[PDB]
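Student: Part one of the assembly, not moved from where it sits:
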Amino acid sequence: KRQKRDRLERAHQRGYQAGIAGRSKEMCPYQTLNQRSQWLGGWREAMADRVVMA
Amino acid sequence: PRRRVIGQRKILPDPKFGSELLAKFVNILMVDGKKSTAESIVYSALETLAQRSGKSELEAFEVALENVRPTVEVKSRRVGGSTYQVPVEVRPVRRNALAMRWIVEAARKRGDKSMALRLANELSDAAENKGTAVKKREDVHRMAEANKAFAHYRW
Amino acid sequence: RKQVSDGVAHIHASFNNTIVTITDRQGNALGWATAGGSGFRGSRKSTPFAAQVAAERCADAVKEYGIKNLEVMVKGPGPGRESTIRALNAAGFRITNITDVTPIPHXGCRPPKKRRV
């Protein structure tokens, strides 16, 4: 409540969640290459996990 | 909350045994702002724990605490029409908070005369895997063990 | 009773369940377990964990026989399509060989209609 959460971590978990829910890379809302790397990083980790879920 | 809460508080350690741990334990038992009343009730219990185990106080009250801390809890998560109970690690500080809460909760729910008696008995029983307090932990652990399959979701 | 040494482990990973059966190398069944039999039902039945149990509780269904070698032979798209291959390792077999044998028609028959929901 007093201070904003880590932007990189949040960006990595937003990436994961679009991942699992099956959106396309290139929905990524970041052009800040730093946050972008976190977003895709999550999105690709999530692509692995979808396989073993139903 | 959505942002991060900044500024953790400062528990002063116990006047007697000079422990932040026991100081927390008082607050948890404390009711309606009556810190002194709680301070009494606590020491008189440890007396009567010490006077039977004969194993110090800040070292006896501990042994109760170890018999009852959980290591894995369950979080609920709505999936389809159903609700998935899912097992998660417990944070060290959390499993302190839970042990101390379950001990207090178990104490009050007894028929003994003083509060001090109830606490004492409960802490003793805790040390020999016995009371409701320790029953509760067992049950928690049973549930997380049951639905282990949902260990690795992130959902 | 008659010891073997060299076996093969078929794994049938459906979306709803995971059957696993050890057989001699002429395909004669020796033991088997499932997620359904392992003690999981519905939501749980269809997980990689429930499939893991199956594999290892099928491993201690074939102690009677010799052991060492085991060529795994996996079929279907279920979640039980590795957690088993893992479990057989720590069960203490040596996996010489491992192959997807998921059947695919080269056209074949008309699949069922698509689910509206």
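Tutor: Yep, it's here. Numbers count the residues shown, from 1 in each chain, chains lettered A, B, ... in the order given.

Student: and stretch C:45-60, C-alpha only, in CSV?
Tutor: Extracted as CSV, the C-alpha positions of stretch C:45-60 are listed here (Å, rounded to 0.1, in the frame of the first residue of the first chain):
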residue,chain,number,x,y,z
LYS,C,45,-7.1,-38.9,-11.7
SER,C,46,-6.0,-36.8,-14.7
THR,C,47,-2.7,-35.4,-13.3
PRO,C,48,1.0,-36.2,-13.9
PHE,C,49,1.4,-36.9,-10.2
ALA,C,50,-1.4,-39.6,-10.2
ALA,C,51,0.4,-41.1,-13.3
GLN,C,52,3.7,-41.1,-11.4
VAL,C,53,2.2,-43.2,-8.5
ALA,C,54,0.8,-45.6,-11.1
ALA,C,55,4.2,-46.2,-12.7
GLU,C,56,6.1,-46.9,-9.4
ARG,C,57,3.2,-49.0,-7.9
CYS,C,58,3.4,-51.0,-11.1
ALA,C,59,7.1,-51.3,-10.6
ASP,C,60,6.5,-53.0,-7.2
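
Student: touching chain A at all, it?
Tutor: Yes. Using Cβ under 8 Å from any Cβ of the partner chain, stretch C:45-60 reaches chain A at C:46, C:48. Just so you know, the C-beta spots here come from the backbone N, C-alpha and C atoms, and that holds for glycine as well.

Student: and chain D on top of that:
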Amino acid sequence: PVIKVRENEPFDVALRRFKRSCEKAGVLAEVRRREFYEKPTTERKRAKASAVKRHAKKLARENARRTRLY
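Tutor: Okay, chain D now, added to the rest:
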């Protein structure tokens, strides 16, 4: 996707070979696809969407380099 295990090869190197074996043979894609019958109109209408997208994935790699942020 038929990997034999090599001399002294760790299990968790065979396994990852085996995974990558059928990733590149695209098995689960094929099975996923044939779970249900798609009308030949639907299949063919999918094929256009793929095309009108791929095409516009030979546009960003050009046009962005022309424009500029901040």
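
Student: Where does chain B get nearest to chain C, residue-wise?
Tutor: Using Cβ to the nearest Cβ, the closest approach of chain B to chain C is made by residue B:149 at 3.9 Å.

Student: show me the contacts for the residue nearest to residue C:89 when sequence neighbours are not counted.
Tutor: Of all residues not flanking residue C:89 in the chain, residue D:11 sits nearest, at 5.2 Å (Cβ to Cβ, 6 or more residues apart in numbering or on different chains). Residue D:11 makes contact with C:89, C:95, D:5, according to Cβ atoms under 8 Å, 6 or more residues apart in numbering or on different chains.

Student: would you turn the residues you listed into a markdown table with neighbour count?
Tutor: Shown next, in a markdown table, are the contacts of residue D:11 (neighbours: other Cβ atoms under 10 Å in any protein chain shown):
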| residue | neighbour count |
| --- | --- |
| C:89 | 19 |
| C:95 | 19 |
| D:5 | 19 |
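
Student: Of these, which is the nearest to residue B:15?
Tutor: Using Cβ to Cβ, residue C:89 is the member of the contacts of residue D:11 that lies nearest residue B:15, at 57.7 Å.

Student: okay, chain E goes in next:
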Amino acid sequence: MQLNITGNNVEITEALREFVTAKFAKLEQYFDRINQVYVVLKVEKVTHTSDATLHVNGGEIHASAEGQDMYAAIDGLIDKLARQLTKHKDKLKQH
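Tutor: That brings us to chain E, laid onto the chains above:
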């Protein structure tokens, strides 16, 4: 479903009471867990109006309708709540 009637510039007779109660008894078939509900009837110049508010199991549903009579107002109102109640149910029985 516990009911309550008001009248802001209207005398609640024992048609308008009996009538309104019967009309509201339907709503329970759209959602079984209705609790207390308050009804209000108005007459301002020429406009007849009827609003109700419905405490339900995890919600609060409200609508108001205007008729040329109060009966026609209440007729209108019951059609409005029906739709809202169904919407509610369906986003709980959501499997």
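
Student: and residue E:35, how many neighbours does it have?
Tutor: If you count neighbours by other Cβ atoms under 10 Å in any protein chain shown, residue E:35 ends up with 12.

Student: Residue C:9: neighbour count?
Tutor: If we define neighbours as other Cβ under 10 Å, then residue C:9 has 26 of them.

Student: Give me the distance between it and chain B.
Tutor: 22 Å (Cβ to the nearest Cβ, to the nearest Å).

Student: Sheet-wise, list the partners of the helix or strand hosting that residue with their directions.
Tutor: Assigned by DSSP states H and E, residue C:9 falls within strand C:6-13. Note on strand C:6-13: by DSSP bridges, its sheet partners are strand C:18-23 (antiparallel), strand C:69-75 (parallel).

Student: Please convert the ones you listed to TSV, extending it with mean neighbour count.
Tutor: Output for these, formatted as TSV (neighbours: other Cβ under 10 Å):
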stretch	mean neighbour count
strand C:18-23	24
strand C:69-75	20
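
Student: any chance of those in JSON lines, plus distance to residue B:112?
Tutor: Formatted as JSON lines, the strands paired with strand C:6-13 follow (distance: least, Cβ to Cβ, whole Å):
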{"stretch": "strand C:18-23", "distance to residue B:112": "53"}
{"stretch": "strand C:69-75", "distance to residue B:112": "61"}
